[PDB]
Structures are given as C-alpha cells and as structure tokens.
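*Asks:* Generate a structure from the sequence data that follows.
(10 chains, ligands or ions: 32)
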Amino acid sequence: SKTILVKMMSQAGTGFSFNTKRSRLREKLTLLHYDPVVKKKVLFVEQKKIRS
Amino acid sequence: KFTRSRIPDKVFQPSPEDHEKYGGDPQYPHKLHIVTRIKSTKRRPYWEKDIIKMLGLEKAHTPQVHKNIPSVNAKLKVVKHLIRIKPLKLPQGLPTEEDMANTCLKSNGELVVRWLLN
Amino acid sequence: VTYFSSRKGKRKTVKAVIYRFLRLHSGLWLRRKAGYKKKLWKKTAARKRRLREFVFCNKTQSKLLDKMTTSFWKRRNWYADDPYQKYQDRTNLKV
Amino acid sequence: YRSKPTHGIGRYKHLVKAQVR
Amino acid sequence: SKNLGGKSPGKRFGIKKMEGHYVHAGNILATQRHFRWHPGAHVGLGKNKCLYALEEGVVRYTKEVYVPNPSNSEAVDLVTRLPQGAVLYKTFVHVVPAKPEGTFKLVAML
Amino acid sequence: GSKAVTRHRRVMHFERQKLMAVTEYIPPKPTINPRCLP
Amino acid sequence: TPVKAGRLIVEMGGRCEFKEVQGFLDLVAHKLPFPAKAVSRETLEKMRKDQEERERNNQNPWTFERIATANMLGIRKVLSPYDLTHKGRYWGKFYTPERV
Amino acid sequence: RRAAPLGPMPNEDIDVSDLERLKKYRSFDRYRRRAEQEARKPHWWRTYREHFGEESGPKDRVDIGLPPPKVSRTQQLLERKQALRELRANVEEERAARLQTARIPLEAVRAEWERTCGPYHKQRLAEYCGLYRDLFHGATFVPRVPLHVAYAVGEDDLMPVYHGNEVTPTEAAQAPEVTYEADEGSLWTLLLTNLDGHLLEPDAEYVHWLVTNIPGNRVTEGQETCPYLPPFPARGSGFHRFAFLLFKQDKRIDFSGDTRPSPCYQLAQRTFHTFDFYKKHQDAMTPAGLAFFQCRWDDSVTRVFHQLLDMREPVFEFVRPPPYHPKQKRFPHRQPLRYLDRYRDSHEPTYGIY
RNA sequence: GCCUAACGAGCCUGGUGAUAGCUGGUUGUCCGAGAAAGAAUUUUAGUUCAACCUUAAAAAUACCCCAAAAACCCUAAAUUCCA
RNA sequence: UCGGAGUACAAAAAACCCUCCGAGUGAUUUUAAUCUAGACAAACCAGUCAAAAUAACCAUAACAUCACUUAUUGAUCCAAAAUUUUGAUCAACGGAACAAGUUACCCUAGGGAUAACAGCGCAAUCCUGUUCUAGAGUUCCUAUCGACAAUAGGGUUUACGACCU
Ligand SMILES: Nc1nc2c(ncn2[C@@H]2O[C@H](COP(=O)(O)O)[C@@H](O)[C@H]2O)c(=O)[nH]1
Ligand SMILES: Nc1nc2c(ncn2[C@@H]2O[C@H](COP(=O)(O)O)[C@@H](O)[C@H]2O)c(=O)[nH]1
Ligand SMILES: [Mg+2]
Ligand SMILES: [Mg+2]
Ligand SMILES: [Mg+2]
Ligand SMILES: [Mg+2]
Ligand SMILES: [Mg+2]
Ligand SMILES: [Mg+2]
Ligand SMILES: [Mg+2]
Ligand SMILES: [Mg+2]
Ligand SMILES: [Mg+2]
Ligand SMILES: [Mg+2]
Ligand SMILES: [Mg+2]
Ligand SMILES: [Mg+2]
Ligand SMILES: [Mg+2]
Ligand SMILES: [Mg+2]
Ligand SMILES: [Mg+2]
Ligand SMILES: [Mg+2]
Ligand SMILES: [Mg+2]
Ligand SMILES: [Mg+2]
Ligand SMILES: [Mg+2]
Ligand SMILES: [Mg+2]
Ligand SMILES: [Mg+2]
Ligand SMILES: [Mg+2]
Ligand SMILES: [Mg+2]
Ligand SMILES: [Mg+2]
Ligand SMILES: [Mg+2]
Ligand SMILES: [Mg+2]
Ligand SMILES: [Mg+2]
Ligand SMILES: [Mg+2]
Ligand SMILES: [Mg+2]
Ligand SMILES: [Mg+2]
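*Replies:* Numbering: from 1, shown residues only, chains lettered A, B, ... in the order given. Ligands and ions are numbered 1, 2, ... in the order given. You can find the structure just below:
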C-alpha cells in the first residue's frame, strides 16, 4: 500500500501550493483548502507529483 | 534503601512512672532545653549533619539553651541519638541585668545567679 | 580559529558563524531554528511556526561565538532601515 | 494518593464486572 | 539478544504545580499519559491530556463526582452498568482566581 | 555483595550484632527457687 | 514452590494418636530443606502461647522492636526496612523462634 | 503507609458481592440526578464549593419581617383537590391537552404567584442581587405585601419597575407611582436608595425619595422627607442598583435629623445608611415591600449632573491589570526575537548620546 | 634471500623542534576554599556541554519544613510541595 | 534509532549482551491558518502545550479521527524544482561526499585499565564425611551397599571473576 506525495496549486489565481499525501491507486486529487492570500475556501487540484 | 525515619507518636507518650524516674513535673512541662552534642556527625546522614549545624551544636560537649516548643522539638527528635537533653532549672530565677556577669551553668543543670560572690 | 595569522599577525574569524548567525550590539546572538526547511509536509502547523521563529543563544554559545568572531562584528552599525535597529539595545534589564 | 485518607475514593471496577450445573 | 528496544527515556509525565502554588495564566499544572487528574474550574485541557491554568490564581485539588459527556459511549455504558447507589468520583485540579477582573478608574471630568 | 536472602546465614554488621546481644531475652528469675520450697 | 517460615506443608488427620504420626513425620521434617517439626493443634497452640508468655515477661527493657521503631542510636542505618516488621526474629531465610 | 478514612466512604454502603441481584439504573439522566444530589452534600474531603465560596455554607439569617399569613392547611388542601377534580372532569380540556392546543392565562398565573409564593422568590432574588448584604449586612426580610412601582414615560406609556428590572434614567426622571394593598388603619414609609454610585464612600448609599407617614395607599397625601432625585449613574461604572424599601409602622414616627431641605441637591447631605436608619427606628417600622431595578448611564445623566447637581460629569472606565511578564533574563535562551519587545517602555527609537 | 655487522626494504642530509587522545618528567615558603561523573561523540585511553567547585560583584530570601494536597485492582521504607 | 510494561511498589530521573511487546506506517474526510501571553521538558540541537486577537464555515466546534496512539523518524552542507518546495536502511539512525582482506616477516607508543602460566576469591563442577531408611542382601535397612532427600567440610580438575605482575 504505497502512497504518493503531490503538490497542489490553488485555483484562486494567486500562486499558492501545498504538499499532501495521497494513495497511488487513486485518481487525480481535488479538495477544498484555505488560501492565505485571499483568505477563502478555494478548490485545490493536484498539479505535481514529488515523492513516492 | 536507607532514608529518613518517621518516629511513631507512641514513642513520645510518657508513662506515669517516667516522671518519677527522670525527675520531671507531671503537671507543668519545663520551659527551656539544655542540649549537648555527645556523638559525632561523621558516619551520619547529611540531613542529621545539617540539623546539628542549624541547632548550634557544631562543637561537642558545649551546652546550648533552646526553647521547649514543638518547632525545635522536631529537629531534636530528628537528631535525638547524638545529643543529651536536660531541663534548664532556675533556683534563683532569671538572671537580672545586675547579675548577668556573675552567673554560671552547673553540670547538674541549675543556672546559678550569684557565682563566687566577692 | 587562527589566533595569530601568518601574514598580519592578527586574529582571524570563522565565516560560518557570521553566515548563519547575527549578533545584536547588546551581546545577544540571533539564529534560525534548525530544520525549518526540511520535510514541511510531515510537520504540524504549530511545529512549522516554531521552526520559523527566530531564537536567541545562551551565555555559553554567545561567548563561543564571540571568541570565534573578531571585533569588526561587535561594532555599532547604523544601517539604512535596519530591521533589528530597535533590538540593537537592551532596556529595563534589572541585574 | 496512597497515604491520604481519601485513597480509593475513585475506585469503580469493583462495582461493574466486564472481563450451569 | 532476543529482547530489543527496551531503552527509552522517561517522558517526565507528572505533576508540576501542587496545591497552594500561585500560578499565572498558561502555566502547565500537570502532564499525564492517561487521565489521572481531571481539569476543573479555570483549568484547560490540551490535546496531549496536559492541564494548564487559564487564570492567575491558586491551585487546588478536590474529589468530585464524575458526570461524563453523554456522547462518550464507553463512559455512558459504564454509568448505565453502575449499580443504584454508586456515584463515580475523580480528582479534579482547580485554579482559584486571585486578582479581580478589572477596576473602574476615573479618567476625566467632562 | 551478597543478596538479602542467602544460605550462609549472611554474617551481620557489628552494630547489628551488638544490638542483638543487648536485646537478647532475659528470663525472669525468682528470688527463691520453689522446687524444694514448702 | 516457595515456602515461608511458619507455614504448614502436609496436614493429616483421622482416628489416630499424635505419637505415631509424630514418629513417622519427624523423618519427613528432617528430610525437608528448611527446618521443620511435626506439630499438632495442641502443640502449635502451646508453642504460640509460650512465645507470647516469653515476649510479655521478658525482663530487660531493651527490645529489638522498640529500638527499631524508635530509631534509637540511629540503628536504622544498619537495619533494614523489613526489620521493623520482622522484629529481629527473621534474618534472611532463617527464623529464630527464641528471639522473642 | 495508609491512613484511615476520616468518615464514611461514598460507595461503601452498597455490597460489592452479588452485583447481579443488586438493582442498577440504566438511565444517564437518572445517574445525573443522583450525582447532583450527592455533590451538594457536605463531604469531609476537599470539595469545589469550599474553595469557590459557598458563603460559609449554611447561615442562620435573622428574619426581620411580617409573620406569614395564617391559613388552614386542611381546608386549603380540600379546596385544591376539589378544584383539580372539577378541572379534570372536563372533556374539552382533555381534548385540548391531547391536541397540544391550549393557552394559559399568564396574567392570572402571575396574580396567584404574587399572592401565594411571590414574596419568597423576590426574597431569594434580593439575596442573589445582594440587597440585604448591603442594606442590613446581617438580616433578611420577606416582602409579604406586593409593591407595584411604575414610571410614566408618556401619556399612555408606563414603565413597570419589577425586581431586578433595567430602567433608563430618562424613563426614571419623573417620580413614580406606587401601589400596594393596605387597609385605612396603618402607616407606611417608602425609601428609594441608590446602593452603588456614591463617589466617595464605598460602603455608603444615596437617598432619592423618602416619603413617611403614608396613610394606607395614598402616598401622594403623605409628607415627603426627601425630594425625588432622578438616577445619576456614572458614565464608566454602569448598572447601578436602586431599591424601593417599604416599611409598615404602628406609631406615627416623627423625626428631625433625617429631614432634608427643599432643594436637597448636595451629595454630602444625601448620604445614607439603611442599617443606621433601621437601627434608629427599629422599634416601629418593619420592612414588608421590596422593588429594585438596575440602571445604567444615558444621555440624561449628564443633564442631571450639570443642571441639578451643579458639577462636572465624572467619567470612568473598566481598566484591566497589566499583563504579567517574568523577570527579564540577560540571555533569553531559545526565546523569540519579540522577547525584547515585552519589556519595551515605548515603541520609539531613543538615541542616548547620538 | 643479499645490496658495507640492524633490509617486508640501505645509509646520510634536509623537510624537522614531523606527529603522537600514549608513557615519563615538570625546580621557593606559608595561607583560604576545594571537586568521584547526566548527555553526545569511529566514543567510552579523549574532548564539548550540564550538574558540582574557585575568584570577584549585585541582591533576597535560602535550607529544616505541622496541617491541607499528589489514580485508577493490592501494595513497605518513604518521597514532592509547603507555613 | 524511536515507543509501551516490569526492574524503577507512592513527585521526576535512573543502568545491564536484563524479561516481554512493538515502529520505520495504513484507512477515511472534518484537508486541520496567521499572530502571540504564559508554561513543560531539556547540556546543546532538537521536541511539546497554549489563553486573548485576526479571515471563511454553525452565526453554539474546528485539538483531523481510528488501528494499546505512545513510536511511525534524520542536522548542516550540497543538489534539483518554479521561488515554493523536495531529496538519504546518511539504520554505525547527532549522520565523514566517496575506502576491503591479511600479516607467524612484522614494527612503534602503551596496558596487568585487558587475555594465555602461576597466585588470589567462590565452590557451579570435583572430593570427603555424617543425618534419613524405602530397597537389594533367602527372612533381616545399616556384614557390603543404598535411590528420592538433609547437613558440614577440603580446595586436586574444568569453569567463573579479572585483584598482583
Ligand atoms: N575525579 C575525582 N578524582 C579525585 C577526587 N578526589 C581525589 N581524586 C583523585 O584521587 C587521587 C588522590 O586520592 P586521595 O588523596 O584523594 O585519597 C588523585 O588521583 C586525585 O585526582 C574527586 O573528587 N574526583
Ligand atoms: N541524497 C542526498 N545526498 C546528499 C545530501 N547531502 C549531501 N549529499 C551527498 O551528495 C552526493 C549525491 O550524489 P548521488 O548519491 O546523487 O550520486 C552524495 O555524496 C551524498 O552523500 C542530501 O541531503 N541528500
Ligand atoms: Mg523503560
Ligand atoms: Mg535511558
Ligand atoms: Mg549489596
Ligand atoms: Mg533439614
Ligand atoms: Mg397542602
Ligand atoms: Mg647496513
Ligand atoms: Mg612531541
Ligand atoms: Mg583515546
Ligand atoms: Mg585548608
Ligand atoms: Mg566545563
Ligand atoms: Mg506535610
Ligand atoms: Mg518554604
Ligand atoms: Mg523545569
Ligand atoms: Mg482563541
Ligand atoms: Mg556512529
Ligand atoms: Mg550515534
Ligand atoms: Mg537523543
Ligand atoms: Mg610460515
Ligand atoms: Mg613494543
Ligand atoms: Mg577500570
Ligand atoms: Mg588453566
Ligand atoms: Mg609459574
Ligand atoms: Mg588464572
Ligand atoms: Mg604471583
Ligand atoms: Mg565461582
Ligand atoms: Mg566450601
Ligand atoms: Mg528385602
Ligand atoms: Mg592451588
Ligand atoms: Mg587486573
Ligand atoms: Mg571491575
């Protein structure tokens, strides 16, 4: 059961990325996070894969 | 492990015969202790050493006068195996200001007020 | 540390101390917490904040760094818009 | 505390048990 | 040999402020691994079961009845299995505030 | 260093030996033996 | 099987007298590791009462129990925390019944 | 070491053995009732109430008041059971109860409450608000006779003054109307006292309206010892208490030391002590009525201070103690850079010699 | 093996006052106080901190410490904190 | 290297090539912010809590939860991304950027701080006696032995310890 480390970039326009752990057998992850630049709940999508 | 010792309360409950045995008043306790360190503090724990130091009993065979209050009685109980305790007796009353320089403490415990007058 | 240089005969300073430390003129030394850029995805927000915060040094480390550095780094600096100019001095120290 | 008179005030496992001829 | 890993430093899980100690706000009264002392008045509970004073005052320790949260299934089951005359008791740590909340001071006559 | 429980009687300190010697039991002794007393 | 001083090992009864039972139990008592005796109810009561009488009519004022509990002469330094309970009658695995 | 308990243990009565045959509660709320009943008992160990001020626990309060009315217990019970039976005999009431559509005569219920058990609730509310502790400091009285006080804030607008109500000084600028049932053979005195608001003496109180020798209910006919003064709470310290004390007296009390002049606009002259007043006139008057309201500063208090009292309006504020900081260290180990800002006098740059 | 009486690699000179956590030595009198080890470490033949200790200087509380207080199945000597 | 229980019985700490369990993470969504009093622990480095105040959700919570929850982890430097982060069975786990075997051909500085011989302590092992008799001895314990057990002594063997060299 190997996981993956993925960097998510905000879709609120401002450049803000955070790293989160995800299962390898999952699809592209998309969640709701907090963006300090705009201070609002913003949809985040998986942009890069960094660590296994 | 070797630690301090708690003395049970029944140890310090005198028997009616003890008053006559040790020459004490069954009604009125004495007012002042005469304490004289006999044994050394060597080969004794540091707490006993410190109690001896704070009681003013650093030098052996030198009597020291103390109160008969429980606050000092606790320390005297702690180091009771290294000291001799007697009651201070005053046949002629407390020394007055004109008799301070002519007093003495006998080995039997009475503090005489006029010692070798003239 | 080179106590006596071979060219000038002066006392030298190690550059690592000045590269990773800052000395206020009051004698205090300021440093960054170790590991503040390592594995941030693995650490709690409170731990990350604690790592991000600046910290001081105790007397032994301060004296060690003073021994390693020279007198040029203990001088009084009046920089233009210095962030630490307010912290350069110590106030209300009752010792 | 063991030496205090109030020791064992919080005991409750003797009131509930949780572990025919 | 066969036994490994038995070495680990103690976590200093114990009591920090005793009864009668004058504490300030935020002082850690006691840290623990399991619930040994429960917080009471003006004593907050951290995420690691530690107890910290919320107001400046004097620390006290009391024995009091224990009414658990009704959402706590385990404690509710224990309570419902208790006999008729049984009441749970726990050791609670309290902070008795010393300073008043504030003072009314004259500023100006208008 | 010997254990608290041994097989060789684990000889005591001299102070303890003196304590036991002092605290040895002393049976009562009548003033006059009663065997061929009246 | 750990065995302490003052414990019974084998218990017998029936329609018999103590003399024969004592006679053939003294061999077992001797062959046991610790010292042992073939006692009866009457003999056990007699020895316990004799011990109590000795302890009550002991003549000298100084006793191990009194000295240990009062910490006279600082003897707790050479004594043991279990000596306050043993009262000087038990020393390691050995028990001396004549020590009051 | 062990210590014997200093009294009975909590769970030492029930038998540990044979728990199956021992009855158990299965209800969390039932356990809650049991636990709250146990928590109020005077246990021999350290408890929460002892440390957090149960107010010396039980206190034998001295009762200075009218005896309770004498009623026949048997007759009252018979009439109450008869009324309950005649109500339950109805079927429309049953239908309303089952359909959950039934209203209540709130005004009626308040009337009987004030008639039969209102005085005790009012007395306990006075205890909670601390009127007795500051008026007599050792005595409590039950307001046996209702006392209805009302201000007139318009032509058809009336502000009632219940026990513990909040009344604006603008609404309370005018003198109020007071009503209480009384026969035409008794004398009464009414006192309006400002408990909190004395600028100088913390333990003293102000007078606002003292009327004495009231014949029955007609208060306007009775002579007024102290002219009415509208409430003047300070701007900073808010929510002062004003208490209406009603005393029933047998004799016609006449005095000259408590009389106030016609203007009566001096705070030095308007200094009062209800304890001293009742000590002076304790033989005749007995307190029987109570009506107290809370009052905070508004836009009319400044006018009262300026025009009437002829002074400058004082302004207070609720200040807080400065934050506590430990002794400053020469070398603060592992402390943030903002450590030096906790002991800074001012956020200004001082150049000592430059 | 032998290479000028010592060769697992000659001898001399220079680097060279090589370097040694290793051994040995370390030169007048008197006086004051005075220490037996917790953590790291290719580290346990050593160093660097802490705790002790010395020399000066500021202060004010320092040890002894009765109650009361410190957990839940049973548990001793006794501990912590305190007038 | 990290954690739990006992050793270490009641504040904290506490060792052994001591006795047992475990970790080098999974599952799920509530994707869990900033700033700052005061504290725990601690040689240092690190680890932990946390009131008040701030922007978004009920206008009444946000400490992510569970698997004994405690351990599920790695410092600088240096390399890479898009400027925000990531990278070590660096597991010898405070980690040297990258290095084996053999020497009886051996050398040097030391160590009785540490082995082989001897001595020394102990007597596991060995050797001597006695106590106890069930059994052999045809019957009969003790003519000769004598199992299961008890107790006392010697310091011949091997081992144990590492006190003098
Ligand atoms: N580490 C340490 N060594 C000591 C201490 N006291 C004496 N020594 C050492 O013991 C030797 C002298 O023994 P003494 O004369 O003290 O009996 C010297 O080697 C000395 O350094 C001490 O307190 N700590
Ligand atoms: N993987 C890794 N290598 C590092 C790090 N720091 C220094 N290095 C060194 O950088 C070099 C990387 O070479 P590589 O192993 O990629 O061929 C190695 O000598 C390694 O020890 C680090 O943080 N991670
Ligand atoms: Mg452990
Ligand atoms: Mg450890
Ligand atoms: Mg030993
Ligand atoms: Mg035997
Ligand atoms: Mg009735
Ligand atoms: Mg040659
Ligand atoms: Mg050299
Ligand atoms: Mg070395
Ligand atoms: Mg000297
Ligand atoms: Mg040092
Ligand atoms: Mg105490
Ligand atoms: Mg103190
Ligand atoms: Mg601390
Ligand atoms: Mg908050
Ligand atoms: Mg290593
Ligand atoms: Mg290491
Ligand atoms: Mg470590
Ligand atoms: Mg060969
Ligand atoms: Mg050699
Ligand atoms: Mg050694
Ligand atoms: Mg050999
Ligand atoms: Mg030899
Ligand atoms: Mg040998
Ligand atoms: Mg030899
Ligand atoms: Mg051996
Ligand atoms: Mg032998
Ligand atoms: Mg035969
Ligand atoms: Mg030999
Ligand atoms: Mg050796
Ligand atoms: Mg050794």
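*Asks:* Helix or strand: which one has residue H:110?
*Replies:* helix H:106-116 (DSSP states H and E).
*Asks:* Please determine how far the residue nearest the centre of chain F is located from residue F:18.
*Replies:* The C-alpha lying nearest the average C-alpha coordinate of chain F belongs to residue F:24 (C-alpha atoms, centre = their mean; 3.3 Å). The gap separating residue F:24 from residue F:18 is 11 Å, by C-beta to C-beta, to the nearest Å. Just so you know, the C-beta spots here come from the backbone N, C-alpha and C atoms, and that holds for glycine as well.
*Asks:* just to revisit the earlier point, measure the residue nearest to the centre of chain F to residue F:17 for me?
*Replies:* According to C-beta to C-beta, residue F:24 and residue F:17 sit 11 Å apart.
*Asks:* Residue H:148 now?
*Replies:* As for residue H:148, its distance to residue F:17 is 96 Å (criterion: C-beta to C-beta).
*Asks:* higher neighbour count, the two?
*Replies:* Neighbour count, other C-beta atoms under 10 Å in any protein chain shown: between residue H:148 and residue F:17, residue H:148 has more, with 16 against 12.
*Asks:* what's in contact with stretch H:60-73?
*Replies:* Residues from elsewhere that reach stretch H:60-73 (C-beta atoms under 8 Å, 6 or more residues apart in numbering or on different chains): H:132, H:136, H:138-145, H:248, H:278, H:286-288.
*Asks:* Can you show me the helices along chain C?
*Replies:* For chain C, applying DSSP state H gives helices covering C:15-20, C:45-52, C:59-68.
*Asks:* Identify the residues contacting the residue nearest to the centre of chain F.
*Replies:* residue G:60.
*Asks:* got a list of what residue H:139 touches?
*Replies:* Residue H:139 is in contact with H:61, H:62, H:63, H:64, H:132, counting by C-beta under 8 Å, 6+ apart.
*Asks:* I'd like to know which of the residues you listed are buried.
*Replies:* For those, a neighbour count by 16 or more other C-beta atoms under 10 Å in any protein chain shown gives the buried set as H:64, H:132.
*Asks:* farthest-separated two in the contacts of residue H:139?
*Replies:* Spanning the widest gap among the contacts of residue H:139 are H:63 and H:132, at 10.8 Å by C-beta to C-beta.
*Asks:* Give me the common contacts of those two.
*Replies:* When C-beta under 8 Å, 6+ apart defines a contact, the residues bordering residue H:63 and residue H:132 alike are H:139, H:140, H:141.
*Asks:* Grab the nearest non-local neighbour of residue G:34.
*Replies:* residue G:3 (6.6 Å; C-beta to C-beta, 6 or more residues apart in numbering or on different chains).
*Asks:* pretty sure residue B:33 is in a strand, no?
*Replies:* Yes. The assignment for residue B:33 (DSSP: H, G, I helix; E, B strand; the rest coil) places it in a strand.
*Asks:* count of neighbours near the closest residue to it other than its chain neighbours?
*Replies:* Distances taken as C-beta to C-beta, 6+ apart put residue B:66 closest to residue B:33, at 4.4 Å, once the chain neighbours are dropped. Look at residue B:66: counted by other C-beta under 10 Å, it has 19 neighbours.
*Asks:* got the contact list for whichever residue of chain G sits closest to chain B?
*Replies:* Nearest residue of chain G to chain B (C-beta to the nearest C-beta) works out as residue G:71 at 4.4 Å. By C-beta under 8 Å, 6+ apart, residue G:71 lies in contact with B:5, B:7, B:81.
*Asks:* ok, it to chain C distance?
*Replies:* As judged by C-beta to the nearest C-beta, to the nearest Å, residue G:71 and chain C stand 46 Å apart.
*Asks:* Next one: that residue from chain F, what distance?
*Replies:* 12 Å.
*Asks:* all strands of chain H, in order?
*Replies:* H:62-63, H:139-140, H:148-152, H:158-161, H:165-166, H:177-179, H:187-194, H:205-215, H:223-226, H:240-249, H:271-272, H:286-295, H:314-319 (DSSP state E).
*Asks:* Nearest spatial neighbour of residue A:52, chain-adjacent residues omitted?
*Replies:* Of all residues not flanking residue A:52 in the chain, residue A:4 sits nearest, at 6.2 Å (C-beta to C-beta, 6+ apart).
*Asks:* After the helix or strand encompassing residue B:48, which helix or strand is next?
*Replies:* Per DSSP H and E: residue B:48 is located in helix B:46-54. Where DSSP H and E defines the elements, the next helix or strand beyond helix B:46-54 is strand B:64-67.
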